[PDB]
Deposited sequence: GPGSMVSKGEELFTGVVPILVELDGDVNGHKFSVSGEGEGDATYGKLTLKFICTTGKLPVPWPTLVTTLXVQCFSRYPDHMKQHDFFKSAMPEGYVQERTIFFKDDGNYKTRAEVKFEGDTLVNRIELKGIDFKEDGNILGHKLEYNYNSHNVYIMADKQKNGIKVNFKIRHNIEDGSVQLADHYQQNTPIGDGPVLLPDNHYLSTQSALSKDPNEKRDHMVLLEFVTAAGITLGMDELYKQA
């Protein structure tokens, strides 16, 4: 057993807070729910607390806690995310939407008491008002992805790369190219992994009793690629 690991042996409550600004449209999102890394499983619900969300909900999924990924026993030594806990890590991304604008995000993921909190600032720029994002042409659904993880020994963190595929209502696919880096908040030693991947599955839904703009999210994530 290990320190950060042991914080995730059971169900953990989750709080997500996102402060956003896309092409000058300011918004805030709040989410809550639970994660269980034993199963790589998240059950979350998000609300746009400012009113209507100015971008499609699927474009925020990756921004809105990879410490809940299931790392199987033979891969425990490669789980950077939990090893940084409880003091946590900074997650930064640039997300390039093909033929459109980009998101830049900075999040702090850490424990506050017994709750795992993901606090995010998002800035979006150069989006086309008639594009798929500001034009709300993305289907309300989500695909399965492979997330590629590499150590950044020089910076005592990891680098993460992957391509998100967003289905467009006309049948095409909008590519969202993700560049990610994570760095521990604390000075304690962390696990720096060999190259590997995560396999993701998500489903988005709606709460029939919720009047606010919102997203219900079920997510399963498992690490693999080490023998």
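- Against the full deposited sequence, the model leaves out several stretches, namely 1-5, 70, 234-243.
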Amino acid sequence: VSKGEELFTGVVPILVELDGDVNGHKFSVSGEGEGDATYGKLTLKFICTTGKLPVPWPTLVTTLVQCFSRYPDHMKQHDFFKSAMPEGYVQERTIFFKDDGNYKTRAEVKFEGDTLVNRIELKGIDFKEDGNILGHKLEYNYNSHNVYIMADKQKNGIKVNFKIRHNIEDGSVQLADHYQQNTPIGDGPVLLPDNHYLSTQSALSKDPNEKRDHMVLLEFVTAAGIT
From here on, numbers count along this sequence of modelled residues.
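- When 141-149 is weighed against 82-90, 82-90 comes out higher, by mean CA B-factor as recorded in the entry.
- When the two stretches 3-11 and 218-226 are set side by side, the higher mean Cα temperature factor goes to 3-11.
- Note on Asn156, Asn118, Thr105, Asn102: the highest value goes to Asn156, judged by CA B factor as recorded.
- In this PDB entry, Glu17 carries a Cα temperature factor that places it within the middle third of its chain's modelled residues.
- Ranked against the other modelled residues of its chain, the C-alpha B-factor of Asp170 as given in the entry falls in the highest third.
- Per-chain ranking of the deposited C-alpha B factor places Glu210 in the highest third.
- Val190 sits in the highest third of its chain by CA B factor, as recorded in the PDB entry.
- For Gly35, the recorded CA B-factor ranks within the lowest third of the chain. Only modelled residues enter the ranking.
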